[PDB]
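Chains as they are written, first to last, in the UniProt record's numbering: chain G, 4 to 125; chain C, 2 to 51; chain V, 2 to 51; chain U, 105 to 156; chain R, 3 to 88.
The beta carbon of each residue, even a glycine, is placed where N, CA and C say it ideally should be.
A short worksheet on the structure shown next.
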Amino acid sequence: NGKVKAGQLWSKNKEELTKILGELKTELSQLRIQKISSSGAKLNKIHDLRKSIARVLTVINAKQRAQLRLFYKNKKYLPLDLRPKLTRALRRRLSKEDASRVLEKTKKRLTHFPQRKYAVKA
Amino acid sequence: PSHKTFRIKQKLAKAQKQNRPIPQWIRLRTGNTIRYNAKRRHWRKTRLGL
Amino acid sequence: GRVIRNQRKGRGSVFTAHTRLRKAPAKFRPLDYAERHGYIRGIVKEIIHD
Amino acid sequence: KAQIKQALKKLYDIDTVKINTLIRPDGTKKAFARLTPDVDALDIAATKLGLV
Amino acid sequence: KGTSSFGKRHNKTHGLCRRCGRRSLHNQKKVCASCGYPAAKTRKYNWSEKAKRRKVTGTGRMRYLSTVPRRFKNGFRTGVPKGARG
RNA sequence: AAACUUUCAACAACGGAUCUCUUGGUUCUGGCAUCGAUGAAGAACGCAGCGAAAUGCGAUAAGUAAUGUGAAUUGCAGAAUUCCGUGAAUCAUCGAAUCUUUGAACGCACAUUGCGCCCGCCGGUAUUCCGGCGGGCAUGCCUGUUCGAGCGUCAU
RNA sequence: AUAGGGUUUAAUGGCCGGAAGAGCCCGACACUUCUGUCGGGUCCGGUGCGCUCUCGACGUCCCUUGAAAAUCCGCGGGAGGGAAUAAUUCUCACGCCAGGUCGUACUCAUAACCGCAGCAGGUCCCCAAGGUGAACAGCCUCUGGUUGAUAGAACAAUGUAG
RNA sequence: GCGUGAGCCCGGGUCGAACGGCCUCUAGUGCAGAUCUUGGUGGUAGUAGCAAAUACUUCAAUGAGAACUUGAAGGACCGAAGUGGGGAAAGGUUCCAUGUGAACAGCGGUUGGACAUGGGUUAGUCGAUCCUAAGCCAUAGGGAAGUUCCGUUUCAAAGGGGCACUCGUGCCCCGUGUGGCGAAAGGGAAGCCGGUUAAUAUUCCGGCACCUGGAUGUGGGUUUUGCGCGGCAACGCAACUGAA
RNA sequence: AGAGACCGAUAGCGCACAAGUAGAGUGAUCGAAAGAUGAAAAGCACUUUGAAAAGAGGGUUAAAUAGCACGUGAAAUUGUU
RNA sequence: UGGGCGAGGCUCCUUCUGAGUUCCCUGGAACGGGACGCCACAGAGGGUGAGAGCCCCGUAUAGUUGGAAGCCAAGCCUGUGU
RNA sequence: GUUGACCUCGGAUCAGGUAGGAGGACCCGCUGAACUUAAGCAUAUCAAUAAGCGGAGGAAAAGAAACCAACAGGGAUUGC
Ligand SMILES: [Mg+2]
Ligand SMILES: [Mg+2]
Ligand SMILES: [Mg+2]
Ligand SMILES: [Mg+2]
Ligand SMILES: [Mg+2]
Ligand SMILES: [Mg+2]
Ligand SMILES: [Mg+2]
Ligand SMILES: [Mg+2]
Ligand SMILES: [Mg+2]
Ligand SMILES: [Mg+2]
Ligand SMILES: [Mg+2]
Ligand SMILES: [Mg+2]
Ligand SMILES: [Mg+2]
Ligand SMILES: [Mg+2]
Ligand SMILES: [Mg+2]
Ligand SMILES: [Mg+2]
Ligand SMILES: [Mg+2]
Ligand SMILES: [Mg+2]
Ligand SMILES: [Mg+2]
Ligand SMILES: [Mg+2]
Ligand SMILES: [Mg+2]
Ligand SMILES: [Mg+2]
Ligand SMILES: [Mg+2]
Ligand SMILES: [Mg+2]
Ligand SMILES: [Mg+2]
Ligand SMILES: [Mg+2]
Ligand SMILES: [Mg+2]
Ligand SMILES: [Mg+2]
Ligand SMILES: [Mg+2]
Ligand SMILES: [Mg+2]
Ligand SMILES: [Mg+2]
Ligand SMILES: [Mg+2]
Ligand SMILES: [Mg+2]
Ligand SMILES: [Mg+2]
Ligand SMILES: [Mg+2]
Ligand SMILES: [Mg+2]
Ligand SMILES: [Mg+2]
Ligand SMILES: [Mg+2]
Ligand SMILES: [Mg+2]
Ligand SMILES: [Mg+2]
Ligand SMILES: [Mg+2]
Ligand SMILES: [Mg+2]
Ligand SMILES: [Mg+2]
Ligand SMILES: [Mg+2]
Ligand SMILES: [Mg+2]
Ligand SMILES: [Mg+2]
Ligand SMILES: [Mg+2]
Ligand SMILES: [Mg+2]
Ligand SMILES: [Mg+2]
Ligand SMILES: [Mg+2]
Ligand SMILES: [Mg+2]
Ligand SMILES: [Mg+2]
Ligand SMILES: [Mg+2]
Ligand SMILES: [Mg+2]
Ligand SMILES: [Mg+2]
Ligand SMILES: [Mg+2]
Ligand SMILES: [Mg+2]
Ligand SMILES: [Mg+2]
Ligand SMILES: [Mg+2]
Ligand SMILES: [Mg+2]
Ligand SMILES: [Mg+2]
Ligand SMILES: [Mg+2]
Ligand SMILES: [Mg+2]
Ligand SMILES: [Mg+2]
Ligand SMILES: [Mg+2]
Ligand SMILES: [Mg+2]
Ligand SMILES: [Mg+2]
Ligand SMILES: [Mg+2]
Ligand SMILES: [Mg+2]
Ligand SMILES: [Mg+2]
Ligand SMILES: [Mg+2]
Ligand SMILES: [Mg+2]
Ligand SMILES: [Mg+2]
Ligand SMILES: [Mg+2]
Ligand SMILES: [Mg+2]
Ligand SMILES: [Mg+2]
Ligand SMILES: [Mg+2]
Ligand SMILES: [Mg+2]
Ligand SMILES: [Mg+2]
Ligand SMILES: [Mg+2]
Ligand SMILES: [Mg+2]
Ligand SMILES: [Mg+2]
Ligand SMILES: [Mg+2]
Ligand SMILES: [Mg+2]
Ligand SMILES: [Mg+2]
Ligand SMILES: [Mg+2]
Ligand SMILES: [Mg+2]
Ligand SMILES: [Mg+2]
Ligand SMILES: [Mg+2]
Ligand SMILES: [Mg+2]
Ligand SMILES: [Mg+2]
Ligand SMILES: [Mg+2]
Ligand SMILES: [Mg+2]
Ligand SMILES: [Mg+2]
Ligand SMILES: [Mg+2]
Ligand SMILES: [Mg+2]
Ligand SMILES: [Mg+2]
Ligand SMILES: [Mg+2]
Ligand SMILES: [Mg+2]
Ligand SMILES: [Mg+2]
Ligand SMILES: [Mg+2]
Ligand SMILES: [Mg+2]
Ligand SMILES: [Mg+2]
Ligand SMILES: [Mg+2]
Ligand SMILES: [Mg+2]
Ligand SMILES: [Mg+2]
Ligand SMILES: [Zn+2]
């Protein structure tokens, strides 16, 4: 046959995506049955079919992740894999608001005696 | 011995698997310098470490 | 010089005691109320050699 | 052996009586499957694209 | 001693190790003579510089640490570029 | 007088010096600060139309998605695309995924692909037995919740 | 106690099934081969300080007395439960279902392991025929296995072995 | 040809891409030796030598070529504490078939444990898996600046059994004790005969059996004296309630 | 990332090459050798002697006094004249 | 002594950039020798059948196409004393 | 007596979190040699160094005087 283009795979629902995966897996096993004692243009179909299963698998997974992320919006705790992964060291630094807090007596001086803008003439 | 373990059994398969000469069409590539397999192991010459 | 023979016996490696064939140590009963005020009796089952 | 028997029934709708397995020197597993007497195996090899 | 006494050698002091793959696991002691298994630390000493370089970082696959420099250059961002399809 | 030993030249041998070359070393200067229980460094086994090694990747396995460029790949074969648009490539970039068995390694163990327990679903007459699939069960310490022990101790 | 009569632990003993339908030994016909078909027979005793393995009853030696655990059964005790039209927790006979995971090829040595090697060295066990003879002694033979170690011609000295 | 000399210059042959003179600057700057370092090659020399384990011979076939390939016929040896038939440790494809120039088999080689391409190891019953031995290592605790040392029931609040609920989440007894690893020769539930492949079988095929675990029905047994009868006895038989 | 009065395959890092690789040791560890045909494979068709390896003709090339034992090819040692 | 705007400027990536294959000799092949020209804020370096500024990639100069997120900041608009 | 608090000490696969390993050229501590020099050798020297062990960062450490001075007085720390 031919490739399964990734262009039209995006405009599908979950059920018919799982269906297409159903037939795709079938003849790949079936064509491997009769590959013995023969070799022709059919050998291009196994490399054709193997990659087609890869594309649809990612599409189903990607669609599931996107909808799952919508569910956990406006929630305090969300699963580990959906949390951002920057670095072990970067996940333990103080947040911007906490490291920017100041004492009450320090703010009092800074309000009335800040850094000035000045110039001195020759 | 006849009594083996799956770890030793698994290890002997790879050692036998990588012991046949190079395919013929390798030497016809452009800019090729490989001549022959230089890691040939024979049971009467070299003792593999288990 | 080296360590003399009677100094090595305290390390307890080769000069330990053989205790495979010994079943139990020889002791009396623990002191209890019955034996502090009256008496109790028991039967002798076996006379054994250890 | 339990998983092998399930696979054949779902994929080639053939029933078996017993399965024997071994691990080849190269590292792959080879399984012998014996079919029920009423079913014929010679034609299933032909009709299921197996080389005959 | 000599050839006569060399024929009595059909035993194994060491076996394969689960952490380093070398045949340096003492059977009776159950400790590796190269990587220090099962201790948490890995054996390493400063009186041999050649031994340290044989197993230093960068002599293997580097499955995860090899892609970090590329991620830092872009500032550890997340998302998709503007109007990508998906 | 030949043969044999010894010296030199011409041509032919043995061997790899010399001359010329270099996608490699060595030293100095300049810019930057980024590993890991969200499973690191290291180890093992696997994956190609025809591969043993090196390089690359993980049952989605010599790669998949997405963005950019705009016609290849090449030892052979095969087809693929042909720019209408539905896009060649071991290309460049890289913001979404996959990632087997192990390793600080974490149910208990391992010179064994060993032996258990808890929850849910599907089969076989099944809350208890057997099989398949999915999710869990390490230690030290902090904060909070909940159920408790003690004539340590207070009040009716 | 002797004697007479009984019960019981222990078959690698006798007979019957399994089982002659099998295996083995002869004879007579068939023929490119796919192929063979059909006849008979497969018994009866003796012997022993014989060899080998196993079981039983006695005896000798010790200032030496010669492992543990998982697992399985019987007994003492009397908790609970249960019928008169059926109930039944009957260790009796027959019948229904299931039994996952890894090893299994070959040598074990004057060529497959260790001695730098296809090295007169070293490396743990099972089975064990006939004759002479006290005998697993030495010498000859049967089953089974080899005929492999660079060869051809001559016969001085000096050697190594007899 | 020039110079006392280290050296400089030209002719002829071979070869194929860079290189000199003159004044200053700079250094990893000149070899016959060090039983010098690495690589290469000679005389000795077609010499020493290839001599333990009793031994070979005739014809035919294959082939470019046969003492050491194959068949047949003679002659010999090992002589059941074997040169026989099978295993443990260790080796790891050396096992079987077809084909083959060089290299290896210290002579030859059509032959090979060598080279090239394919093929081969089936288990509820045989082992591992289970239990412990000498011994090793966690836990409670105490030492040490520390990598870590001691400690194995010890100055520890250390465990498991039953039942019922529509539904898991509710009840009720007992309590001296409470981990793992460690044997292919110890302890241990159960398979025997016949046939079969170029190469495996107590496994594959045919026939006839057995053990453990889990479910359930018929036959027979017992009971209205509620949980069986017989023998003086040792005890007998197809069954014949039994928790802590 | 940019440079040098640095070394030029027995030098420069142990590694310019499938190098911490092949190999040795029970083990801790020890640890090499090895770059260059031509501008382009155009890597020798066909005939003839031989059991075969290969030889003699004849070809490709500016050159085979460049033939996958391949640029230049010194000395020790050897053969023929 | 509070709040809100904010031209304009600076960092990063990405589009494009001058001039002979003129004539003759040697050669297997001019990138060599001879004659005549052109470009240059570009005669650094490399490739192409032998020493190439003008055959090709690049090189020098300020600009130019397109895009993303943070900084800096001229100067304005508005509250007010418990 | 009943019932409700307080203090100390525990259970749980209770709700949410956190530590180990790698690297260690440079940096903060602990521990700690001998060869060698003295023409011998023991205090001394090599050296408050190599090896061993614990803990961090792009820098670490130090740091706003219980200081230096004796002057007509200087004024946190670090480096040349
Ligand atoms: Mg099996
Ligand atoms: Mg011994
Ligand atoms: Mg062993
Ligand atoms: Mg552990
Ligand atoms: Mg490695
Ligand atoms: Mg002379
Ligand atoms: Mg010459
Ligand atoms: Mg992982
Ligand atoms: Mg877990
Ligand atoms: Mg966890
Ligand atoms: Mg074991
Ligand atoms: Mg059910
Ligand atoms: Mg289950
Ligand atoms: Mg699970
Ligand atoms: Mg609490
Ligand atoms: Mg209380
Ligand atoms: Mg009597
Ligand atoms: Mg009979
Ligand atoms: Mg018969
Ligand atoms: Mg008959
Ligand atoms: Mg006799
Ligand atoms: Mg005996
Ligand atoms: Mg066998
Ligand atoms: Mg034997
Ligand atoms: Mg021998
Ligand atoms: Mg050997
Ligand atoms: Mg005899
Ligand atoms: Mg006699
Ligand atoms: Mg005899
Ligand atoms: Mg034999
Ligand atoms: Mg002779
Ligand atoms: Mg003589
Ligand atoms: Mg004599
Ligand atoms: Mg050249
Ligand atoms: Mg010098
Ligand atoms: Mg010299
Ligand atoms: Mg001299
Ligand atoms: Mg030499
Ligand atoms: Mg010599
Ligand atoms: Mg001679
Ligand atoms: Mg000899
Ligand atoms: Mg001799
Ligand atoms: Mg001779
Ligand atoms: Mg002889
Ligand atoms: Mg022939
Ligand atoms: Mg002939
Ligand atoms: Mg002979
Ligand atoms: Mg004899
Ligand atoms: Mg004889
Ligand atoms: Mg015997
Ligand atoms: Mg045999
Ligand atoms: Mg043959
Ligand atoms: Mg020979
Ligand atoms: Mg020969
Ligand atoms: Mg031959
Ligand atoms: Mg053979
Ligand atoms: Mg071979
Ligand atoms: Mg069965
Ligand atoms: Mg058994
Ligand atoms: Mg088991
Ligand atoms: Mg146990
Ligand atoms: Mg301990
Ligand atoms: Mg403690
Ligand atoms: Mg065990
Ligand atoms: Mg046993
Ligand atoms: Mg069977
Ligand atoms: Mg059968
Ligand atoms: Mg049963
Ligand atoms: Mg009845
Ligand atoms: Mg009873
Ligand atoms: Mg040179
Ligand atoms: Mg070098
Ligand atoms: Mg060289
Ligand atoms: Mg040189
Ligand atoms: Mg070197
Ligand atoms: Mg080794
Ligand atoms: Mg060369
Ligand atoms: Mg020729
Ligand atoms: Mg011919
Ligand atoms: Mg030339
Ligand atoms: Mg020519
Ligand atoms: Mg040449
Ligand atoms: Mg040569
Ligand atoms: Mg040459
Ligand atoms: Mg010469
Ligand atoms: Mg603006
Ligand atoms: Mg241009
Ligand atoms: Mg011309
Ligand atoms: Mg010109
Ligand atoms: Mg050039
Ligand atoms: Mg140029
Ligand atoms: Mg020009
Ligand atoms: Mg929790
Ligand atoms: Mg925790
Ligand atoms: Mg650490
Ligand atoms: Mg010194
Ligand atoms: Mg001194
Ligand atoms: Mg001195
Ligand atoms: Mg002295
Ligand atoms: Mg001092
Ligand atoms: Mg140090
Ligand atoms: Mg700084
Ligand atoms: Mg600081
Ligand atoms: Mg102050
Ligand atoms: Mg002052
Ligand atoms: Mg100061
Ligand atoms: Zn290790």
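At a cut-off of 7 Å between beta carbons, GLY131 (chain U) contacts chain C.
For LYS133 (chain U), no alpha helix (DSSP H) encloses it; the enclosing beta strand (DSSP E) starts and ends at 133-139. The stretch 29-47 of chain C makes no contact with the stretch 11-26 of chain V; the number of CB pairs closer than 8 Å stays below 3.
Only those residues of the stretch 64-82 of chain G whose C-beta falls short of 9 Å from the nearest C-beta of chain R are listed: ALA65, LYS66, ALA69. The C-alpha of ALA27 (chain V) lies about 35 Å from the C-alpha of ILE5 (chain V).
Apart from the 5 residues on each side of it in sequence, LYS48 (chain G) sits with its Cβ closer than 7 Å to the Cβ of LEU34 in its chain, given in chain order.
For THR80 (chain R), the C-beta contacts it makes with chain G under 8 Å involve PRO87, in order along the chain. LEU153, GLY154, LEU155: these are the residues of the stretch 143-156 of chain U whose beta carbon lies less than 7 Å from some beta carbon of chain G, given in chain order. The residue from U:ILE127, U:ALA150, U:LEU153 with its alpha-carbon nearest to that of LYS5 (chain C) is U:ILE127. At a beta-carbon threshold of 7 Å, the residues of chain C lying near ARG25 (chain R) are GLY50, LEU51, ordered along the chain. The three-state reading of DSSP puts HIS43 (chain C) in coil, since its state is none of H, G, I, E or B. Nearest CB-CB separation between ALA14 (chain C) and chain U: below the 7 Å threshold. For the pair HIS16 (chain R) and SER26 (chain R), the CB atoms are nearer than the 7 Å cut-off. Membership of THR31 (chain C) in any alpha helix (DSSP H) is not indicated, and neither H nor E is assigned to it by DSSP. Here DSSP, grouped into helix, strand and coil, assigns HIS4 (chain C) to coil. Contact annotation, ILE118 (chain U) with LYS109 (chain U): C-beta distance approximately 10 Å; criterion of less than 8 Å not satisfied. Going by DSSP, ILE49 (chain G) is part of the alpha helix (DSSP H) stretching over 46-74. The Cβ atoms of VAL121 (chain U) and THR140 (chain U) sit closer than 7 Å to each other.
Within 10 angstroms of the beta-carbon of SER55 (chain G) lie 16 or more other beta-carbons, which makes it buried. Nearest Cα to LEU27 (chain G) within the set G:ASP51, G:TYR80, G:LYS111, G:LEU73: G:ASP51.
By the 16-neighbour rule on beta-carbons within 10 angstroms, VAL105 (chain G) is exposed. Sequence-distant partners of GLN107 (chain U) (beyond 5 residues in either direction) whose C-beta falls short of 6 Å from its own C-beta are missing from its chain. Contact of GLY88 (chain R) with chain G by beta-carbon distance below 7 Å involves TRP13, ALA65. In summary, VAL70 (chain R) is exposed, with fewer than 16 beta-carbon neighbours lying within 10 Å of its beta-carbon over all protein chains present. If you look at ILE118 (chain U), you'll find it isn't in any alpha helix (DSSP H); DSSP assigns it neither H nor E. Non-local beta-carbon contacts of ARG21 (chain R) in its own chain, meaning distances under 6 Å to residues more than five positions away in sequence, involve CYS37, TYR39 in chain order.
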